[PDB]
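Asker: The following block contains the structure, expressed as structure tokens.
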Amino acid sequence: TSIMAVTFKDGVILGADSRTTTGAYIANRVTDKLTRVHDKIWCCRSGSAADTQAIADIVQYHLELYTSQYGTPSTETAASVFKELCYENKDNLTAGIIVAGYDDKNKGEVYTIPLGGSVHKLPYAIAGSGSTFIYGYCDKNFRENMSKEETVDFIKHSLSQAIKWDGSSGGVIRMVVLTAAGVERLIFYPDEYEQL
Amino acid sequence: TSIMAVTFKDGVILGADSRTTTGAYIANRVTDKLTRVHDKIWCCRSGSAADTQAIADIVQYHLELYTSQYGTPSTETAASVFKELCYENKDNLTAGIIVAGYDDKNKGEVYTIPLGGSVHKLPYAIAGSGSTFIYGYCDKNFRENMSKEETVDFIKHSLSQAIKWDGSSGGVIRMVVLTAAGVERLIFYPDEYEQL
Amino acid sequence: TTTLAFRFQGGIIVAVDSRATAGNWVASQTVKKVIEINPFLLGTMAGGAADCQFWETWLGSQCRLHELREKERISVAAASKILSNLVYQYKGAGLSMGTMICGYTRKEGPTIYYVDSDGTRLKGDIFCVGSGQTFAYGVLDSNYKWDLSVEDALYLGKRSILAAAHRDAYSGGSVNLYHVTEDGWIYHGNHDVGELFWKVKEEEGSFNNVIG
Amino acid sequence: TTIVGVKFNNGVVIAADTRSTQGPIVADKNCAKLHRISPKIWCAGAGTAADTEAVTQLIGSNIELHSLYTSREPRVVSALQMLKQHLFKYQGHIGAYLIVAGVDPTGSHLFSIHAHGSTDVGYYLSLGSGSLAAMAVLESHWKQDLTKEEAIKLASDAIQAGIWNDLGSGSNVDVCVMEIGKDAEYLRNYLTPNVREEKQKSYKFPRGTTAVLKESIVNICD
Amino acid sequence: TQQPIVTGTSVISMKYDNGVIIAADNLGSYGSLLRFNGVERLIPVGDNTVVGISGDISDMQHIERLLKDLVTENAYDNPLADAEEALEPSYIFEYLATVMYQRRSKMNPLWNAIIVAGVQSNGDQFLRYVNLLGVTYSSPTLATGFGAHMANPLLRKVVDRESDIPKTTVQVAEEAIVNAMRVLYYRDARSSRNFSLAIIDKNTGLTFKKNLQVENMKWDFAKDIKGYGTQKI
Amino acid sequence: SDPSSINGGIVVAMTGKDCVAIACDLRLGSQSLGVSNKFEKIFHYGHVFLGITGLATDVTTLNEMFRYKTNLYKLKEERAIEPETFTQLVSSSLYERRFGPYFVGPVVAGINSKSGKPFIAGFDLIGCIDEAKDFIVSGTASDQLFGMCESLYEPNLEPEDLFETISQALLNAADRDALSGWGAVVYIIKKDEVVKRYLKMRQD
Amino acid sequence: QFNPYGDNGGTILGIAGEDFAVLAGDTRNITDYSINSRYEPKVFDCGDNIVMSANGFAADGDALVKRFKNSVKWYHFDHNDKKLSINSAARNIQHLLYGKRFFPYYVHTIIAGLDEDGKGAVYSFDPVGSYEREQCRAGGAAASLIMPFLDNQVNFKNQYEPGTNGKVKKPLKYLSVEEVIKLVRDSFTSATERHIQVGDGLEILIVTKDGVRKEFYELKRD
Amino acid sequence: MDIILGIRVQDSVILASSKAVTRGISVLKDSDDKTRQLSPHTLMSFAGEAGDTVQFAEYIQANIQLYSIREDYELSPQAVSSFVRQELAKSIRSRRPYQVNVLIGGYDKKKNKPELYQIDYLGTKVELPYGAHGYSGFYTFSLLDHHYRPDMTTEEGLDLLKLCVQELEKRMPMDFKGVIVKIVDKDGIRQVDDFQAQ
Amino acid sequence: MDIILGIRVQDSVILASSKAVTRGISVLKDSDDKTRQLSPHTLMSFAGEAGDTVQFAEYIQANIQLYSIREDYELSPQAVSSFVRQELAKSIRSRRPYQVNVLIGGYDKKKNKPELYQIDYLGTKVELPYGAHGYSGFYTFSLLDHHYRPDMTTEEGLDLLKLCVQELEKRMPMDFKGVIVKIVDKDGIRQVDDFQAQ
Ligand SMILES: */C1=C\C(=O)NCC/C=C/[C@H](NC(=O)[C@@H](NC(=O)N[C@H](C(=O)O)C(C)C)C(C)C)C(=O)N[C@H]1C(C)C
Ligand SMILES: */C1=C\C(=O)NCC/C=C/[C@H](NC(=O)[C@@H](NC(=O)N[C@H](C(=O)O)C(C)C)C(C)C)C(=O)N[C@H]1C(C)C
Ligand SMILES: */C1=C\C(=O)NCC/C=C/[C@H](NC(=O)[C@@H](NC(=O)N[C@H](C(=O)O)C(C)C)C(C)C)C(=O)N[C@H]1C(C)C
Ligand SMILES: */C1=C\C(=O)NCC/C=C/[C@H](NC(=O)[C@@H](NC(=O)N[C@H](C(=O)O)C(C)C)C(C)C)C(=O)N[C@H]1C(C)C
């Protein structure tokens with residue numbers, strides 16, 4: 001699994017591969033690891049599919065109820081609910097989650113919640129088995145406030161390298177653009193990103 | 001440990017960090033992982049220090065004797081002796097070795113001998129715990145037949161990222177240039193490569 | 001540890017050693033392995049010191065409540081069952097105790113109950129409990145008769161603990177003696193093995209083995 | 001155990017503490033952890049004491065024979081190679097961790113060997129449980145081009161770091177100086193900062209205190 | 001019962017004549033991967049107390065919230081919240097110590113090594129340690145993990161016994177600390193070059209220096225080291 | 001489990017003024033079971049004494065080995081072996097079994113016939129030589145012995161005094177060890193004569 | 001897996017006089033081969049002339065003392081500041097410990113004070129509460145080194161009247177506070193020489209009808 | 001385990017050895033003689049692992065007999081026992097060690113004295129007034145520690161055993177099916193055919 | 001293990017139970033009665049884990065007695081045994097199960113017939129002519145399989161036991177110290193005080 005979230009000038013973009021596995025078998029090659037917990041607060045799932053789905057499904061429920069009572073929740077708040085669940089249940093979960101959201105006052109924010117249950121706000125974040133192979137690449141290519149075009153490229157390149165080296169990653173590259181303009185889903189096929 | 005060997009226009013260059021460890025303790029911060037087995041056939045050692053040293057010490061002995069009887073040995077031959085030792089003793093060794101040599105007819109050659117004892121001839125090779133973090137970076141920056149300057153740079157950048165993410169790597173970056181001109185030792189300190 | 005209690009024509013004899021060991025380390029040579037439940041009840045200790053010493057003290061409390069409640073001294077059988085049933089509640093938890101509940105009641109006469117943390121409860125005339133038990137049994141079994149002068153029985157008991165203290169590495173220190181009659185128990189001193197051995201050796205001619 | 005090695009402008013010096021242990025008990029309050037391989041090649045050892053001694057004498061013996069055979073002064077690289085190949089042959093089962101140094105026809109040298117057979121080379125080294133305490137000192141005070149006295153101070157200071165901060169180290173400081181021109185000078189108990197205070201009382205017993213069962217003379221003459 | 005995941009390394013500290021100093025690098029490791037770099041492991045509670053934490057970072061973040069909550073709580077119905085009845089280092093410690101022990105006693109520890117540094121209302125210097133087992137102790141110098149093995153030996157050379165405290169100035173002390181941090185950067189494979197340092201002086205108050213860096217390192221001799229024994233070039 | 005804790009027993013040596021002393025208990029048991037109270041653990045070859053704690057079978061074996069070796073040594077050297085030399089022989093003999101050692105705790109005591117100097121040394125099970133100038137302890141009650149010695153001991157004691165001191169160290173240490181005791185014996189050694197005494201101690 | 005227990009070393013000692021008693025302990029606290037503190041008090045005055053020390057695992061040791069001190073505080077509340085006799089304290093400590101019989105306070109505790117007759121008293125407990133009154137007792141890391149000594153010098157064991165053919169044991173006279181302090185110091189300086197977890201300092205608390213008094217002596221720091 | 005007892009009286013050594021041979025759930029024999037005569041005045045009793053027991057005894061026997069023929073002489077009991085210890089001592093460090101314990105009772109026609117030697121599978125040898133292998137010790141060692149005298153007659157000795165055997169039939173958990181007794185003295189070795197009621 | 005035997009003859013049930021009580025290395029008692037009377041015509045013998053054994057027996061006893069008082073009637077042997085099985089069956093899935101095996105011998109005053117019930121700690125109940133718990137079966141089941149008749153007299157039955165007890169003293173490895181016999185019939189329960197030579 002290869003998942004990342006990059007904050008740029010107009011907001012934030014989430015990216016992921018689409019491969020789910022059980023051993024060496026690809027249980028699903030068109031998986032959607034970019035999950036929606038609110039209008040403009042999404043997450044990237046890595047680790048247990050069962051665990052991350054269950055967690056996401058619950059956060060979504062919490063934010064919906066939160067909205068009913070106190071209006072729109074911040075991206076920070078969403079990261080807080082995830083964290084609360086991942087920390088308090090660290091002994092029975094295997095979920096590496098990235099929370100990305102766009103808000104009118106903060107542009108886009110990115111919170112990475114690793115295996116332990118700690119939270120880390122960052123300019124961008126990478127995770128999943130594939131991420132290890134692109135630590136160098138991403139550190140040498142990320143720039144703050146890139147344009148939507150530059151960001152989509154940075155992600156398409158990073159994930160193609162992750163998909164290239166990590167067997168647990170593959171399929172198509174999926175992206176979700178979160179800006180004031182709305183929500184945009186992007187999809188890139190092998191033939192396109194492989195020869196980058 | 002972060003070690004790599006890149007073949008370029010005028011020959012080949014070997015690079016390595018200088019950190020040896022025992023747990024979290026840095027037993028040596030000025031280690032020399034670039035070992036000479038012949039005039040223009042050197043190797044990069046990763047894994048067990050005791051094992052790789054013992055292996056290298058033996059190969060050197062074999063090539064010296066080989067020279068006494070049949071003149072200069074090829075780079076291929078040197079990789080062959082290493083491989084023979086690593087394969088036949090795979091059950092009691094933990095040595096990931098890279099063999100790089102310069103010869104007048106082949107420019108520079110690079111043979112990587114991973115844990116199993118298999119041999120792989122390549123344009124360049126990376127290995128050691130730090131190598132995982134620069135798979136993407138190196139795949140997107142290596143070009144065949146670069147100049148000595150470009151190569152030294154490519155290596156200085158790659159290894160700085162390896163040293164950056166992998167705790168088992170650090171210290172100074174050491175290089176050894178093997179060309180028709182001779183043998184050149186290069187050394188780069190933290191202050192220089194850290195801010196690259 | 002070595003503890004023994006036996007019934008004979010003159011009542012009951014109770015003898016114990018006084019050594020405490022933590023592994024092969026000798027922690028103490030002055031431990032009281034006999035708990036005085038009351039003027040007519042005695043309890044011996046074998047196994048874990050804390051376990052015995054604690055629960056047997058607790059037993060005394062339970063006996064005292066019984067007497068206030070029922071206006072009468074508790075029977076040896078009942079006292080032993082209080083301990084037996086308590087210990088059974090903890091079966092499997094790790095308690096370690098080989099115990100002897102001895103007493104004299106008008107209704108029961110001289111009585112001895114063996115109770116261990118296994119949940120085993122037995123009434124009998126002779127019982128040797130502890131790592132030195134076999135040694136004590138060796139001496140005791142082959143010199144016991146129902147007709148022993150309260151003074152001869154006392155010595156047989158003392159001598160049996162002596163045997164154990166000698167052979168058993170975990171037994172030693174001194175001997176504590178008790179005699180139990182319907183009038184209650186009578187303490188018959190603490191005999192240090194340091195002096196007792198040599199005395200017995202010289203006077204009896206036994207232990208002829210050891211070099212003197 | 002704390003053992004170190006420090007190079008100075010014209011030689012090399014090695015030092016060590018003198019505590020020997022078995023669990024939390026001090027076996028020897030003043031053992032010698034400095035071993036002579038050849039007149040001008042000494043080795044400081046940590047790990048299994050019997051092993052540091054045996055392997056050290058074995059190579060030393062072979063170095064002696066080699067020296068007589070070749071009619072040359074022993075070289076540190078030889079002690080180093082013979083030791084490491086031996087330790088390696090024994091897959092680390094010989095618990096020896098050594099700092100080998102000395103001077104020979106090729107100059108002054110400083111290396112270290114680990115039980116499994118790997119070797120290092122440098123200007124300052126430390127091994128043993130006090131390894132970290134000593135290294136902190138060296139990392140804080142070593143500089144290139146030290147005088148014989150500077151080096152001895154540094155080495156001696158590093159050992160103390162061990163003696164005081166490491167429970168596995170203690171007692172005295174043993175030093176050995178090997179200067180490129182002169183004879184090697186072994187300084188047994190160079191420092192003795194741990195003398196036991198005068199006991200509060202004498203426990204000399206009044207004769208006759210101990211009870212004796214029997215007596216006799218033993219014949220030692222044949 | 002757990003096992004740490006993201007972790008912080010050493011936390012070193014010592015006390016000088018007027019206050020105490022404490023420092024810790026800004027790394028959050030993930031095994032051998034030096035994953036996170038802007039991790040502050042020095043938590044100021046009020047401005048007479050600074051809590052340095054090492055170990056599992058998720059647990060650290062948790063202990064951080066506990067501390068902020070303590071500050072909020074102490075303020076409730078407390079007209080002397082920033083006077084006679086403000087939090088004292090000793091209170092913050094006793095609380096943390098209590099929590100730490102209860103957690104290990106329930107077989108679910110907060111996987112950390114903690115050092116509380118500060119100045120008591122009466123000017124006294126406070127410096128005590130507590131770890132995931134609930135163990136605690138004080139000394140003129142204190143360090144967790146790797147720093148206990150390398151930093152202490154150095155720091156103790158400055159303040160070896162009680163009578164040395166009054167003879168040590170903030171300059172001398174801060175120097176020792178900064179040098180120890182360098183040494184740790186040399187030999188701890190889980191250390192970072194960036195770190196924070198804080199001073200708690202009974203006169204100057206709380207000085208919290210962020211973004212420091214190990215400077216003046218000796219690496220030049222590395223060029224003269226070739227091979228591992230017999231190699232000459 | 002621990003082979004050196006099957007039979008039990010202790011040995012201890014001490015240096016006095018122009019004299020050396022070495023004592024031992026007499027117990028030989030099997031775990032808790034006491035079996036023999038006549039198991040001396042001190043031996044001698046010429047004027048060199050050797051005490052051995054540990055597994056009984058090895059104690060016996062080593063004695064028979066050192067007798068063999070010391071006898072041949074005398075036949076070839078035409079002189080009795082000295083303390084220092086013997087210590088070396090003991091050390092190399094043990095290390096020769098480095099990876100399958102005898103489970104013993106050897107102690108050497110004697111006076112160099114040529115220098116008249118007192119000598120004592122201890123060894124771990126693979127030969128590590130500990131040559132002390134004051135005392136050497138060995139056996140299942142070595143901790144107790146260290147405590148006794150470190151306090152009771154003082155330099156240059158006269159034979160008659162050294163005897164009190166060594167006997168008290170041994171006696172009180174053994175009384176705190178379930179595996180030691182059952183009688184002790186003490187050797188006081190001087191250039192000219194050697195005296196052997198059996199102590200009176202608890203038999204529990 | 002998670003291990004809820006640790007070992008901080010330490011060694012304590014308790015000796016009873018005719019009208020006084022003493023409880024001593026080194027001031028070194030450790031973890032493996034590192035020293036946590038050269039001075040971390042281990043013997044406490046709990047009031048009503050009771051001194052106590054629960055040696056072993058510090059977390060547990062502190063918890064116990066704390067819990068006992070609190071027990072004393074309530075004893076006063078419930079019985080009009082009535083003094084808690086030493087024997088009563090002992091029975092109470094037993095219940096505190098046995099209360100955790102199945103998840104023990106990994107400590108060996110000793111307390112000292114005066115009995116109801118003004119005589120010196122020492123009580124020692126095992127991890128789960130087994131206890132007994134004694135004249136002297138060592139507990140902790142070097143207990144195995146100190147006890148034999150105390151058996152000899154405090155209760156005159158294995159000592160006979162010279163010339164009595166070893167038939168008359170040396171009588172049980174009784175040590176003065178001065179003679180006791182000497183044995184204490186020698187016990188620790190001796191322990192300090194052979195046990196790597198003993199050193200740095202010795203703190204002694206002396207109990208008399210006039211209260212609790214402290215004395216402190218340094219011990220080798222290696 | 002099996003009962004192996006030995007007691008050295010005035011002018012002889014007496015060996016008692018349980019007769020039962022049990023395998024798991026069934027007692028297969030009640031007349032087993034756990035002994036081997038090494039020489040006319042030297043008898044050895046044994047107990048231990050199923051196969052090694054006899055294999056070792058017969059092996060020792062063969063050697064002692066061979067020495068006798070070659071030297072036309074009978075080795076002293078002390079010498080015989082020393083040989084046996086050496087053999088077990090070697091065994092303990094061999095690939096597959098003999099799991100055998102033995103008692104050696106012999107009459108030294110030279111010193112004209114009876115001797116009893118106890119030796120376990122580790123090569124531990126000790127000479128005693130009386131000895132035993134296995135659990136038997138735990139009962140008898142204090143019986144004899146009590147009722148034992150150096151000058152006892154062979155008759156007194158046999159009575160002392162009767163005392164021991166009784167205690168063993170009383171407290172031992174197993175039914176060892178009684179013992180077979182044998183006396184070694186100046187005249188050799190003989191069996192007390194009437195002990196099943198002596 | 002302990003010997004627990006039961007044989008149902010013509011007009012009665014006979015229960016034999018070893019008298020020894022051994023703990024590790026020592027036999028602590030030779031007169032132990034491993035039985036409990038549940039009602040005037042129902043007897044239960046037991047063997048198993050040290051504590052559970054009696055705790056369970058007395059527990060069952062208390063209940064059967066309580067039922068008797070409340071109903072002023074004596075439950076049939078079949079009913080008593082069914083109650084006991086239910087109790088053990090529950091136990092087998094409890095936190096800490098009773099490790100007890102039992103034989104229930106009773107005389108059904110209504111049907112006027114003797115009955116024998118075998119029940120293990122798992123709650124396995126079977127009615128048989130004769131039964132046994134532990135190893136005893138392995139010897140006796142074929143002895144009785146041979147010499148057994150439905151119409152045998154109480155006297156013949158007791159002789160059949162004597163046959164069994166002998167075989168057990170011959171082949172069983174342990175010394176169970178003989179048995180205590182008891183007969184349940186139309187007149188109740190009585191003990192055969194003279195079997196130690198009957
Ligand atoms: C991202 C890959 C990872 O981050 N990690 C590798 C582990 C994969 C988890 C997930 N797939 C599954 O959970 C599948 N089930 C499974 O692996 N079961 C185990 C097994 O080995 O059979 C059992 C629990 C021992 C299945 C439910 C799809 C996966 O593919 N993770 C991806 C991404 C988050 C979907
Ligand atoms: C390159 C790092 C690696 O490739 N791999 C990590 C393992 C390190 C090996 C080598 N260091 C050592 O071997 C050190 N000894 C050691 O680790 N011993 C083990 C231990 O945990 O203590 C024993 C065998 C269980 C020491 C000999 C230096 C190392 O640092 N490798 C480097 C590079 C090749 C020097
Ligand atoms: C009788 C000897 C024996 O019957 N058995 C040998 C075991 C000895 C137990 C007792 N000594 C102790 O219990 C010691 N405390 C102890 O072991 N505590 C445990 C611990 O691990 O620390 C706790 C219970 C988990 C100590 C009090 C000496 C002993 O000596 N037994 C004697 C007799 C009954 C005193
Ligand atoms: C240096 C300290 C260390 O480097 N390491 C700590 C371990 C100590 C080793 C040595 N002492 C011993 O080796 C003792 N013998 C021993 O441990 N034997 C082993 C055993 O488990 O009994 C055998 C080999 C399996 C004893 C000889 C003191 C020690 O003190 N090391 C010092 C320094 C090198 C003397």
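For the structure tokens, the naming scheme is as follows: chains receive sequential letters (A, B, ...) according to their order of presentation, residues are indexed from 1 within each chain, and ligands are indexed from 1 in presentation order.
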Show me which bits of chain H are within 9 Å of chain I, counting only C-alpha atoms, as a tab-separated table (two decimals) with N, CA and C atoms, in the first residue's frame.

Answerer:
chain	number	residue	atom	x	y	z
H	22	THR	N	9.33	-53.55	37.49
H	22	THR	CA	8.08	-53.02	36.97
H	22	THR	C	8.26	-52.23	35.69
H	23	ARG	N	7.35	-52.44	34.75
H	23	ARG	CA	7.39	-51.72	33.49
H	23	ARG	C	6.04	-51.06	33.26
H	24	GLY	N	6.00	-49.77	33.57
H	24	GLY	CA	4.80	-49.00	33.40
H	24	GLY	C	3.70	-49.38	34.36
H	25	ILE	N	2.72	-50.08	33.82
H	25	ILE	CA	1.54	-50.50	34.56
H	25	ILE	C	1.62	-51.87	35.23
H	26	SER	N	2.57	-52.70	34.79
H	26	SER	CA	2.70	-54.05	35.33
H	26	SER	C	4.04	-54.42	35.95
H	27	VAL	N	3.98	-55.18	37.03
H	27	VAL	CA	5.19	-55.68	37.69
H	27	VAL	C	5.48	-56.98	36.94
H	28	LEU	N	6.59	-57.03	36.20
H	28	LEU	CA	6.94	-58.20	35.41
H	28	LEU	C	7.69	-59.33	36.12
H	135	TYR	N	15.52	-43.23	46.52
H	135	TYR	CA	14.77	-42.65	47.62
H	135	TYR	C	15.02	-43.33	48.95
H	169	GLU	N	8.68	-50.67	53.59
H	169	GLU	CA	7.44	-51.29	53.17
H	169	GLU	C	6.28	-50.51	53.76
H	170	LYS	N	6.57	-49.74	54.80
H	170	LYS	CA	5.55	-48.94	55.45
H	170	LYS	C	5.29	-47.60	54.76
H	171	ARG	N	6.36	-46.84	54.50
H	171	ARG	CA	6.26	-45.50	53.89
H	171	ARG	C	6.52	-45.32	52.38
H	172	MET	N	7.31	-46.19	51.76
H	172	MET	CA	7.57	-46.09	50.32
H	172	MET	C	6.27	-46.32	49.58
H	173	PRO	N	6.01	-45.55	48.52
H	173	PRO	CA	4.79	-45.65	47.71
H	173	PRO	C	4.66	-46.93	46.90
H	174	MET	N	5.79	-47.44	46.43
H	174	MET	CA	5.78	-48.63	45.60
H	174	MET	C	5.96	-49.95	46.32
H	175	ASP	N	5.59	-51.02	45.63
H	175	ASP	CA	5.72	-52.36	46.17
H	175	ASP	C	6.96	-52.97	45.51
H	176	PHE	N	8.12	-52.81	46.14
H	176	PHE	CA	9.36	-53.34	45.57
H	176	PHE	C	9.54	-54.85	45.67

Asker: Could you list, as a ChimeraX atom specification, all protein and nucleic acid residues with an atom at most 10 Å from ligand 2, counting only C-alpha atoms and all ligand atoms?

Answerer: /B:1-3,16-29,31-34,44-53,94-97,127-131,166-169 /D:91-92,97,113-120

Asker: I want to know what sits within 12 Å of residue 216 of chain G, based on only C-alpha atoms, with residues of the same chain fewer than 2 positions away left out; could you give that as a tab-separated table (two decimals) with N, CA, C and O atoms, in the first residue's frame?

Answerer:
chain	number	residue	atom	x	y	z
G	24	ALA	N	20.16	0.78	58.92
G	24	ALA	CA	21.06	1.42	57.98
G	24	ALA	C	20.89	0.95	56.54
G	24	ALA	O	20.40	-0.15	56.28
G	25	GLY	N	21.32	1.78	55.60
G	25	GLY	CA	21.23	1.43	54.19
G	25	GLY	C	22.15	2.29	53.35
G	25	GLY	O	22.40	3.44	53.66
G	26	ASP	N	22.67	1.73	52.27
G	26	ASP	CA	23.53	2.48	51.37
G	26	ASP	C	22.62	3.46	50.65
G	26	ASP	O	21.41	3.29	50.64
G	27	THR	N	23.20	4.48	50.03
G	27	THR	CA	22.38	5.46	49.36
G	27	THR	C	22.49	5.38	47.84
G	27	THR	O	22.16	6.34	47.14
G	39	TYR	N	22.92	9.28	45.97
G	39	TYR	CA	22.23	9.60	47.21
G	39	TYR	C	20.72	9.68	47.04
G	39	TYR	O	20.17	10.71	46.64
G	41	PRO	N	17.79	8.51	49.59
G	41	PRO	CA	17.37	8.00	50.89
G	41	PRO	C	16.52	6.75	50.76
G	41	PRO	O	15.61	6.68	49.93
G	43	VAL	N	15.94	4.69	53.99
G	43	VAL	CA	15.46	4.38	55.32
G	43	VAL	C	14.66	5.58	55.83
G	43	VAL	O	15.18	6.70	55.85
G	181	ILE	N	27.56	0.99	65.77
G	181	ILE	CA	27.87	1.81	64.61
G	181	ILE	C	29.14	1.30	63.91
G	181	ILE	O	29.26	1.36	62.69
G	184	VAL	N	28.31	-1.67	61.82
G	184	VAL	CA	27.53	-1.21	60.68
G	184	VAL	C	28.46	-0.71	59.58
G	184	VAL	O	28.36	-1.12	58.42
G	185	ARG	N	29.38	0.18	59.95
G	185	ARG	CA	30.31	0.75	58.98
G	185	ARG	C	31.20	-0.31	58.35
G	185	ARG	O	31.40	-0.31	57.13
G	200	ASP	N	28.83	4.45	47.38
G	200	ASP	CA	28.41	5.86	47.41
G	200	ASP	C	28.20	6.47	48.79
G	200	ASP	O	28.80	7.50	49.11
G	201	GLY	N	27.36	5.86	49.61
G	201	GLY	CA	27.11	6.40	50.93
G	201	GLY	C	26.30	5.50	51.85
G	201	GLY	O	25.55	4.63	51.39
G	202	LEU	N	26.46	5.72	53.15
G	202	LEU	CA	25.78	4.95	54.19
G	202	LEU	C	25.01	5.89	55.11
G	202	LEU	O	25.58	6.78	55.72
G	203	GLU	N	23.71	5.68	55.21
G	203	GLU	CA	22.88	6.51	56.08
G	203	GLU	C	22.33	5.63	57.19
G	203	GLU	O	21.73	4.58	56.94
G	204	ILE	N	22.54	6.05	58.43
G	204	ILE	CA	22.07	5.30	59.59
G	204	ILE	C	21.08	6.09	60.43
G	204	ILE	O	21.32	7.24	60.77
G	205	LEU	N	19.95	5.47	60.76
G	205	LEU	CA	18.95	6.10	61.60
G	205	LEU	C	18.99	5.36	62.94
G	205	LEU	O	18.89	4.13	62.98
G	206	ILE	N	19.16	6.12	64.03
G	206	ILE	CA	19.24	5.55	65.38
G	206	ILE	C	18.01	5.92	66.21
G	206	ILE	O	17.68	7.10	66.37
G	213	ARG	N	17.55	9.72	65.30
G	213	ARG	CA	18.73	10.50	64.93
G	213	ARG	C	19.42	9.91	63.69
G	213	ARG	O	19.45	8.69	63.54
G	214	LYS	N	19.97	10.76	62.83
G	214	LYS	CA	20.64	10.31	61.61
G	214	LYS	C	22.15	10.50	61.64
G	214	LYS	O	22.66	11.39	62.32
G	218	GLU	N	30.32	8.52	53.90
G	218	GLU	CA	30.50	8.21	52.49
G	218	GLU	C	31.06	6.80	52.31
G	218	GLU	O	31.66	6.24	53.23
G	219	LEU	N	30.85	6.24	51.12
G	219	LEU	CA	31.34	4.92	50.75
G	219	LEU	C	31.94	5.04	49.35
G	219	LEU	O	31.50	5.90	48.58

Asker: Please identify every residue of chain E that has at least one atom no more than 7 Å from any atom of chain G, counting only C-alpha atoms, and report them as an MDAnalysis selection string.

Answerer: chainID E and resid 1:2 104 107 133:139 149

Asker: Hey, which residues come within 6 Å of ligand 3 if we count only C-alpha atoms and all ligand atoms? Could you give them as a PyMOL selection string?

Answerer: (chain C and resi 1+20-22+27+45-49+130-131) or (chain G and resi 126-128+130)

Asker: Quick check for you: according to DSSP on this backbone, which residues of segment 12-173 of chain A are classed as strand (DSSP E or B)? Reply as number ranges by chain.

Answerer: A: 12-16, 20-22, 25-28, 34-38, 41-47, 95-103, 107-113, 120-122, 124-127, 173

Asker: Ligand 4: which residues are within 9 Å, counting only C-alpha atoms and all ligand atoms? Reply as number ranges by chain.

Answerer: D: 1-3, 17-23, 25-28, 31-33, 44-53, 94-97, 127-130, 168-169; F: 98-99, 101, 123-130

Asker: When you look at residue 107 of chain B with a cut-off of 9 Å (counting only C-alpha atoms), what residues show up, excluding the ones that are within fewer than 5 positions of it in the same chain? I need them as a ChimeraX atom specification.

Answerer: /B:7-12,101-102,179-180

Asker: Could you write out that same residue set with C-alpha atoms as a tab-separated table (two decimals), in the first residue's frame?

Answerer:
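Done, and the output landed in result.tsv:
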chain	number	residue	atom	x	y	z
B	7	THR	CA	29.40	3.07	-13.49
B	8	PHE	CA	29.91	6.21	-15.54
B	9	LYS	CA	31.69	7.41	-18.69
B	10	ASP	CA	35.29	7.18	-17.41
B	11	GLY	CA	34.93	4.17	-15.14
B	12	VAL	CA	33.16	3.56	-11.83
B	101	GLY	CA	36.14	-2.56	-10.83
B	102	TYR	CA	37.70	-0.61	-13.67
B	179	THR	CA	39.32	5.08	-13.81
B	180	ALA	CA	42.23	4.71	-16.23
